[PDB]
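Novice: these chains are from a complex, not moved at all, and more is on the way:
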Amino acid sequence: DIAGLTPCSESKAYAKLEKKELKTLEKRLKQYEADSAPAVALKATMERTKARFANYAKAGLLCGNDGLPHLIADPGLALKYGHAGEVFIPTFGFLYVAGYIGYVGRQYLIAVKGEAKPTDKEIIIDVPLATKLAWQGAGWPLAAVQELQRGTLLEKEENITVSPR
Amino acid sequence: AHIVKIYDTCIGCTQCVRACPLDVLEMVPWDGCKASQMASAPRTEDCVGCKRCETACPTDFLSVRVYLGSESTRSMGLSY
């Protein structure tokens, strides 16, 4: 396939490693009863293992001679070959949630900064304020891009500054 | 002797003199501050650099600093 790989649903190392995991699982399980809670635990274990292998094979994952899967990171490659469900969507989801957290943090800091006891509001939190700012943190990308278009998020040259510059 | 240097911002609060364990300082009459006193370091040869004074002086940009120099029997304060 790509770069010299093959779908995990086809790699032989995949299957032989699976047989080895199961030779281990059987030749460990055969020491207990069938009704023992240990036994039922081992059974559920093997079952979950099978389900995992099924899902990985059905996902069309690539895995070379190692048999262990692999991931590809280029938008064009992953898209032209249907591999967006591995890196692209995850990175975008993380970026969204992280921007959310950062933005609500910035807003809390700013809101509590213009009050009569910044140290106190920083050591002890206003619950109503926290909740309001949390629920309003949603549209943070739009709010931020608007602030940029107004040129407000960046400050002019008035920062504390070392002697040379 | 380690070097010492007062500055015009010597408010004369004597905390320099109030700190030195080596009598390397003393307060003189002055005019540039309301206390009419500027610290004075006339006995450098007995400063060992312990910097208790630089720890004291509350001028925003210090007022009177210490600088390290060479050594001798008199200088380093070594009992032997």
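Specialist: Thanks, I have it. Numbering: from 1, shown residues only, chains lettered A, B, ... in the order given.

Novice: report how many residues lie close to residue 16.
Specialist: This is for chain A. Neighbours of residue A:16 under the rule other CB atoms under 10 Å in any protein chain shown: 11. To be clear about C-beta, it is placed using only N, CA and C from the backbone, and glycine gets the same treatment.

Novice: my question was about chain B, not that one.
Specialist: Neighbours of residue B:16 (other CB under 10 Å): 27.

Novice: just the one 10 residues further on next, same as before
Specialist: Residue B:26: 14 surrounding residues under other CB under 10 Å.

Novice: likewise for residue B:57?
Specialist: Counted with other CB under 10 Å, residue B:57 comes out at 23.

Novice: surely it is in contact with residue B:41?
Specialist: No: judged on CB atoms under 8 Å, residue B:57 makes no contact with residue B:41 at a distance of 11.8 Å.

Novice: who touches both of those two?
Specialist: residue B:64 (CB atoms under 8 Å, 6 or more residues apart in numbering or on different chains).

Novice: break down chain B into its helices, ranges please.
Specialist: B:52-56, B:73-76 (DSSP state H).

Novice: any idea which of these is most buried?
Specialist: helix B:52-56 (a mean of 17; mean count of other CB atoms under 10 Å in any protein chain shown).

Novice: ok, and what's touching that helix?
Specialist: Outside helix B:52-56, the residues that reach it (CB under 8 Å, 6+ apart) are B:15-16, B:18-21, B:24-25, B:62, B:64-66.

Novice: can I get those in CSV with distance to residue A:26?
Specialist: As requested, the contacts of helix B:52-56 are exported to CSV (distance: CB to CB, whole Å):
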residue, distance to residue A:26
B:15, 83
B:16, 85
B:18, 85
B:19, 81
B:20, 84
B:21, 82
B:24, 87
B:25, 88
B:62, 79
B:64, 84
B:65, 80
B:66, 80
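
Novice: extra chain here, label it chain C:
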Amino acid sequence: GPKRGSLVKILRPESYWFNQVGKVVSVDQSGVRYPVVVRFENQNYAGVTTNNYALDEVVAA
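Specialist: Placing chain C onto the earlier chains gives this:
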């Protein structure tokens, strides 16, 4: 100088409060070189919240 309680902007390069703003406590009507007295609300690296300055070093902002 400006009347007491006024707000000025420190500009002495060395000053820990450089390029910042503080409240003038008072100014000496006499001729001492640094009659300006400026409170602050963020202590420096030694725990002081009020510093003295000459006239020029500050800007009432």
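
Novice: re-run the earlier check on the neighbour count of residue B:57 with chain C in the model.
Specialist: With other CB under 10 Å as criterion, residue B:57 counts 24.

Novice: isn't it right next to residue B:15, touching?
Specialist: Yes: shown here, residue B:57 and residue B:15 form a contact pair, counting by CB under 8 Å, at 6.0 Å.

Novice: helix, strand or coil for residue C:24?
Specialist: At residue C:24 the chain is in strand, as set by DSSP: H, G, I helix; E, B strand; the rest coil.

Novice: and it, how far from residue C:13?
Specialist: 20 Å (CB to CB, to the nearest Å).

Novice: and residue A:148, by the same measure?
Specialist: Per CB to CB, residue A:148 is found 32 Å from residue C:13.

Novice: so which residue of chain A comes closest to chain C?
Specialist: Closest to chain C within chain A is residue A:163: 4.8 Å, counting by CB to the nearest CB.

Novice: okay, now the spatially closest residue to that residue that is not a sequence neighbour: neighbour count?
Specialist: In space, and not counting its chain neighbours, residue A:163 is closest to residue C:13: 4.8 Å by CB to CB, 6 or more residues apart in numbering or on different chains. Neighbourhood size, residue C:13 [other CB under 10 Å]: 12.

Novice: mind checking the SS state of the residue nearest in space to the middle of chain C?
Specialist: Residue closest to the mean C-alpha point of chain C, counted by CA atoms, centre = their mean, is residue C:38 at 3.4 Å. Assigned with three-state DSSP, residue C:38 falls in the strand class.

Novice: phi and psi next, for the residue nearest to residue C:61 when sequence neighbours are not counted.
Specialist: Excluding its sequence neighbours, the residue lying closest to residue C:61 (CB to CB, 6+ apart) is residue C:9, at 4.5 Å. The phi/psi pair for residue C:9 (degrees, to the nearest 10) reads phi -120, psi 110.

Novice: put this one in as chain D:
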Amino acid sequence: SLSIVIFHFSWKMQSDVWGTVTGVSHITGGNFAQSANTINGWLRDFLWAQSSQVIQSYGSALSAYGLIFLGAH
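Specialist: Time to bring in chain D:
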């Protein structure tokens, strides 16, 4: 000091008291009284030796011990 003393104790026990009766079969068969008076012997024959089970404890209920070994380093 305490590290060294417990090392002494462990090696003495393992090497010359412990084991199973057949006579007795000491867990290291008594390598102590000749491998414990040189530092290279110490390192290799005791440490670098007995590190085996702790560095191969994977896939077993002893994987935690190896993990903690790493975390502690």
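
Novice: the neighbour count of residue B:57 with chain D there, same question as before?
Specialist: Residue B:57: 24 neighbours (other CB under 10 Å).

Novice: and for it, nearest residue in space, chain neighbours not counted?
Specialist: Leaving aside its sequence neighbours, residue B:57 sits nearest to residue B:63 (CB to CB, 6+ apart; 4.7 Å).

Novice: re the thing from before, ok, what's across the strand from the residue nearest to the centre of chain C?
Specialist: Using DSSP bridges, the bridge partners assigned to residue C:38 are residue C:24, residue C:51.

Novice: from chain D, which residue is nearest to chain A?
Specialist: For chain D, CB to the nearest CB, closest residue to chain A: residue D:59, 8.2 Å.

Novice: how near is that residue to residue A:40?
Specialist: In terms of CB to CB, residue D:59 sits 21 Å off from residue A:40.

Novice: which one's more surrounded, these two?
Specialist: More neighbours surround residue A:40 than the other of residue D:59 and residue A:40, with 13 against 9 (other CB under 10 Å).

Novice: check which helix or strand the more buried one maps to.
Specialist: helix A:37-58 (DSSP states H and E).

Novice: chain center to that helix, what's the gap?
Specialist: Between the centre of helix A:37-58 and the centre of its chain there are 24 Å (CA atoms, centre = their mean, to the nearest Å).

Novice: got the buried residues for that helix?
Specialist: Within helix A:37-58, the residues scored as buried using 16 or more other CB atoms under 10 Å in any protein chain shown are A:42, A:53, A:57.

Novice: kindly report the residues of chain C close to chain A.
Specialist: C:13-14, C:17-20 (CB under 8 Å from any CB of the partner chain).

Novice: among the residues you listed, who's most crowded?
Specialist: Neighbour-wise, these (other CB under 10 Å) top out at residue C:17, 22 neighbours.

Novice: no more questions from me, cheers.
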